[PDB]
Amino acid sequence: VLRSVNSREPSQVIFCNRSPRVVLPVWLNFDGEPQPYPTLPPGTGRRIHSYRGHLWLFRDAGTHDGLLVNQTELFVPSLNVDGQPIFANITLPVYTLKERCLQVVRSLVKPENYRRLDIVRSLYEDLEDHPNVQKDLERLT
Amino acid sequence: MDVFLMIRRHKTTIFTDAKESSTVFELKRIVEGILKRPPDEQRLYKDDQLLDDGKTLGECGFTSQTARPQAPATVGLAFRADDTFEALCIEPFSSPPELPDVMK
Amino acid sequence: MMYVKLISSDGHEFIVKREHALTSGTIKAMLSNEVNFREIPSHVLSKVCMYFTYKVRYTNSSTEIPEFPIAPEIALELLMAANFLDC
Ligand SMILES: Cc1ncsc1-c1ccc(CNC(=O)[C@@H]2C[C@@H](O)CN2C(=O)[C@@H](NC(=O)CO)C(C)(C)C)cc1
């Protein structure tokens, strides 16, 4: 379902990381498999060659937390106007307080020890069920 | 520009915003609306410094880049009971417990 | 403006805009203008209120969004509160 269209029509794009995270760009290939691309450090940008109809999403490279691109989940390069590149502004979402707490707790506790935390089972499961691109693709389908 | 504040007295903490251009007195009017005490019965402070009614919040060091939504700046508050003002007293928040071992 | 009072387990009274407190469906339920939280101490509830301000300010906003900061020492309790408050 979610896959890039094989258009072969070039589209130049600026990946602009306006988040404080290290960004992993992910291209959804023609079979819908996520292909990881080189990372962007916080606040950096890359001019890259993509194609019209191609699908991209962006993650925290270390934790796979979700990020937004031009305020949404998916970025699809369009036709370049006047030879100008398309801007893909990558930003933090406003996470729910729960998700943000899960992030911080995940960053401090090794996964083997989530079960040692003194919290209800559902929260242990929430911690173990960490962000993952495949999970989101099924969701987005 | 908006500044984001905690106005604090004893065990009372008001979360609100105001304009950098707004005055200390105008902030007392905000406090008046909430806690029902007029400006003449309020003293506002930045740390230990008594704030003058006519000054802007900006002038008194509350700026949009220091008084942030996710980390608001503190304005101290003291009431006058009858003749004289109480001293500025802000009760600390509770202390977090020790980190569990698995978080170290 | 309509304000509500959120009171921590240790007796700290937090006064926030009603609209901000309704970020939490749990708080909405508890209101239908004060709510006492027997399990949420002030070092946690103060942060909850700061989250409300942060969320209202940066939701549907184009200006770059900063990270919501959470000290390691409060993260576990804040998580528990967030789960209760559903926010
Ligand atoms: C340097 C960099 N940093 C962060 S991402 C990145 C980077 C590096 C190389 C590229 C080279 N471009 C591609 O690989 C594009 C992106 C995507 O649209 C797919 N793609 C292709 O060139 C694909 N080609 C076509 O679709 C030809 O029609 C193949 C070769 C992967 C199949 C793009 C971004």
# chains A, B, ... in the order shown; residues from 1 in each chain; ligands from 1
>>> residues_near_ligand(ligand="ligand 1", cutoff="7 Å", atoms="only C-alpha atoms and all ligand atoms", output="short mmCIF file (atom, residue, chain, number, x, y, z; two decimals) with N, CA and C atoms, in the first residue's frame")
data_model
loop_
_atom_site.label_atom_id
_atom_site.label_comp_id
_atom_site.auth_asym_id
_atom_site.auth_seq_id
_atom_site.Cartn_x
_atom_site.Cartn_y
_atom_site.Cartn_z
N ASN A 6 7.38 4.61 -8.86
CA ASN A 6 8.60 4.60 -9.67
C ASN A 6 8.46 5.53 -10.89
N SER A 7 8.55 6.83 -10.63
CA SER A 7 8.26 7.84 -11.65
C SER A 7 9.48 8.19 -12.51
N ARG A 8 10.67 8.05 -11.94
CA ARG A 8 11.92 8.44 -12.57
C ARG A 8 12.02 9.93 -12.91
N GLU A 9 11.21 10.77 -12.28
CA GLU A 9 11.26 12.20 -12.54
C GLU A 9 11.98 12.88 -11.38
N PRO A 25 16.57 9.63 7.94
CA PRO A 25 15.57 9.64 6.90
C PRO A 25 15.31 8.22 6.41
N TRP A 27 13.35 6.13 3.32
CA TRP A 27 12.69 6.07 2.03
C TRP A 27 11.90 4.77 1.95
N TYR A 37 18.54 5.96 5.29
CA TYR A 37 19.50 6.80 4.58
C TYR A 37 20.42 7.45 5.60
N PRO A 38 21.53 8.08 5.16
CA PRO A 38 22.46 8.65 6.14
C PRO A 38 21.79 9.66 7.07
N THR A 39 22.31 9.79 8.28
CA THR A 39 21.65 10.58 9.32
C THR A 39 21.99 12.06 9.19
N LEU A 40 21.16 12.91 9.79
CA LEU A 40 21.44 14.36 9.90
C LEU A 40 21.60 14.76 11.35
N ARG A 46 20.76 18.89 4.37
CA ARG A 46 21.38 18.21 3.24
C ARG A 46 20.55 18.44 1.99
N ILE A 48 19.53 16.86 -1.33
CA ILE A 48 19.53 15.48 -1.80
C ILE A 48 18.69 15.34 -3.04
N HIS A 49 18.99 14.31 -3.81
CA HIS A 49 18.27 14.03 -5.05
C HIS A 49 17.28 12.91 -4.81
N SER A 50 16.00 13.22 -4.99
CA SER A 50 14.94 12.23 -4.84
C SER A 50 14.11 12.27 -6.10
N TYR A 51 12.87 11.77 -6.04
CA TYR A 51 12.02 11.68 -7.22
C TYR A 51 10.57 11.99 -6.89
N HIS A 54 7.90 9.85 -4.56
CA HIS A 54 8.60 9.02 -3.59
C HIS A 54 8.16 9.37 -2.18
#
>>> interface_residues(of="chain C", to="chain A", cutoff="6 Å", atoms="only C-alpha atoms", output="list in words")
residues 75, 79, 82 and 87 of chain C
>>> interface_residues(of="chain B", to="chain C", cutoff="10 Å", atoms="only C-alpha atoms", output="MDAnalysis selection string")
chainID B and resid 4:8 10:17 30 33:35 68:72 91:100 103:104
>>> write_last_selection(atoms="N, CA and C atoms", output="CSV table (one decimal), in the first residue's frame")
chain,number,residue,atom,x,y,z
B,4,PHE,N,6.1,33.7,30.1
B,4,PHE,CA,5.3,32.7,30.8
B,4,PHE,C,5.8,32.6,32.3
B,5,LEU,N,4.9,32.7,33.2
B,5,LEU,CA,5.3,33.0,34.6
B,5,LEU,C,4.6,32.0,35.6
B,6,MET,N,5.3,31.8,36.7
B,6,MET,CA,4.6,31.3,37.9
B,6,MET,C,4.7,32.4,39.0
B,7,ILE,N,3.5,32.8,39.4
B,7,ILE,CA,3.4,33.8,40.5
B,7,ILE,C,3.2,33.0,41.8
B,8,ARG,N,4.1,33.2,42.7
B,8,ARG,CA,4.2,32.2,43.8
B,8,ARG,C,4.2,32.9,45.2
B,10,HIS,N,3.7,31.4,49.4
B,10,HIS,CA,3.4,30.4,50.3
B,10,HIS,C,3.2,29.0,49.5
B,11,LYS,N,2.0,28.4,49.6
B,11,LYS,CA,1.8,27.2,48.8
B,11,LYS,C,0.9,27.4,47.6
B,12,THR,N,0.9,28.7,47.1
B,12,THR,CA,0.1,29.1,46.0
B,12,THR,C,1.0,29.3,44.8
B,13,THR,N,0.6,28.8,43.6
B,13,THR,CA,1.4,29.0,42.4
B,13,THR,C,0.4,29.3,41.2
B,14,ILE,N,0.4,30.5,40.7
B,14,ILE,CA,-0.4,30.8,39.5
B,14,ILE,C,0.4,30.7,38.3
B,15,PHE,N,-0.1,29.8,37.3
B,15,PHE,CA,0.5,29.8,36.0
B,15,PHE,C,-0.3,30.8,35.1
B,16,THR,N,0.5,31.7,34.5
B,16,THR,CA,-0.1,32.6,33.5
B,16,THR,C,0.9,33.2,32.6
B,17,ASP,N,0.5,33.8,31.6
B,17,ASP,CA,1.4,34.6,30.7
B,17,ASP,C,1.0,36.1,30.7
B,30,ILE,N,-4.0,41.2,37.4
B,30,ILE,CA,-4.2,39.8,37.0
B,30,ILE,C,-4.3,39.0,38.3
B,33,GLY,N,-7.7,39.6,40.1
B,33,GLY,CA,-8.8,38.8,39.5
B,33,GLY,C,-8.8,37.4,39.9
B,34,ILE,N,-7.7,36.8,40.2
B,34,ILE,CA,-7.6,35.4,40.6
B,34,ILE,C,-7.7,35.2,42.1
B,35,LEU,N,-6.9,35.9,42.9
B,35,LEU,CA,-6.9,35.8,44.4
B,35,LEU,C,-7.7,36.8,45.2
B,68,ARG,N,9.8,30.9,29.7
B,68,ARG,CA,9.3,30.1,28.6
B,68,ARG,C,8.2,29.2,29.0
B,69,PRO,N,7.3,28.8,28.1
B,69,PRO,CA,6.1,28.0,28.5
B,69,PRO,C,6.5,26.7,29.3
B,70,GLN,N,7.6,26.0,28.8
B,70,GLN,CA,8.0,24.8,29.5
B,70,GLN,C,8.9,25.0,30.6
B,71,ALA,N,9.3,26.2,30.9
B,71,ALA,CA,10.2,26.6,32.1
B,71,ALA,C,9.9,28.0,32.4
B,72,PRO,N,8.8,28.3,33.1
B,72,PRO,CA,8.4,29.6,33.3
B,72,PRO,C,9.2,30.3,34.4
B,91,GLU,N,7.0,28.5,49.6
B,91,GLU,CA,7.3,27.1,50.0
B,91,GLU,C,7.9,26.3,48.9
B,92,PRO,N,9.0,25.6,49.1
B,92,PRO,CA,9.6,24.8,48.0
B,92,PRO,C,8.6,23.7,47.6
B,93,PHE,N,8.7,23.3,46.4
B,93,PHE,CA,8.1,22.0,45.9
B,93,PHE,C,8.7,20.9,46.6
B,94,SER,N,8.1,19.7,46.6
B,94,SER,CA,8.6,18.5,47.3
B,94,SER,C,9.9,18.0,46.6
B,95,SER,N,10.7,17.2,47.3
B,95,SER,CA,11.9,16.7,46.8
B,95,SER,C,11.7,15.4,46.0
B,96,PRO,N,12.2,15.2,44.8
B,96,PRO,CA,12.1,13.9,44.2
B,96,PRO,C,12.8,12.8,45.0
B,97,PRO,N,12.4,11.6,44.9
B,97,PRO,CA,13.1,10.5,45.6
B,97,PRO,C,14.4,10.2,44.9
B,98,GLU,N,15.2,9.4,45.6
B,98,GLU,CA,16.4,8.8,44.9
B,98,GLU,C,16.0,8.1,43.7
B,99,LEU,N,16.8,8.1,42.6
B,99,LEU,CA,16.6,7.3,41.4
B,99,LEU,C,16.6,5.8,41.8
B,100,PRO,N,15.6,5.1,41.3
B,100,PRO,CA,15.8,3.6,41.5
B,100,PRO,C,17.1,3.1,40.9
B,103,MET,N,17.8,2.9,37.1
B,103,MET,CA,17.8,4.2,36.4
B,103,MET,C,19.2,4.9,36.5
B,104,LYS,N,20.1,4.3,37.4
B,104,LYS,CA,21.4,4.8,37.5
B,104,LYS,C,22.4,4.2,36.5
>>> atom_distance(atom1="atom CA of residue 79 of chain A", atom2="atom CA of residue 60 of chain C")
26.5 Å
>>> closest_residue(among="A:59, A:110, A:52, A:47", to="chain B", atoms="only C-alpha atoms")
A:110
>>> atom_distance(atom1="atom CA of residue 58 of chain A", atom2="atom CA of residue 41 of chain A")
12.6 Å
>>> atom_distance(atom1="atom CA of residue 19 of chain B", atom2="atom CA of residue 63 of chain B")
9.1 Å
>>> closest_residue(among="A:124, A:75, A:15, A:114", to="residue 44 of chain A", atoms="only C-alpha atoms")
A:15
>>> residues_around(residues="residue 3 of chain A", least_positions_apart="2", cutoff="7 Å", atoms="only C-alpha atoms", output="ChimeraX atom specification")
/A:1,5,28-32,55
>>> select_by_dssp(residues="segment 62-122 of chain A", states="strand (DSSP E)", output="PyMOL selection string")
chain A and resi 68-69+86-91
>>> select_by_dssp(residues="chain B", states="helix (DSSP H, G or I)", output="PyMOL selection string")
chain B and resi 24-35+39-41+101-103
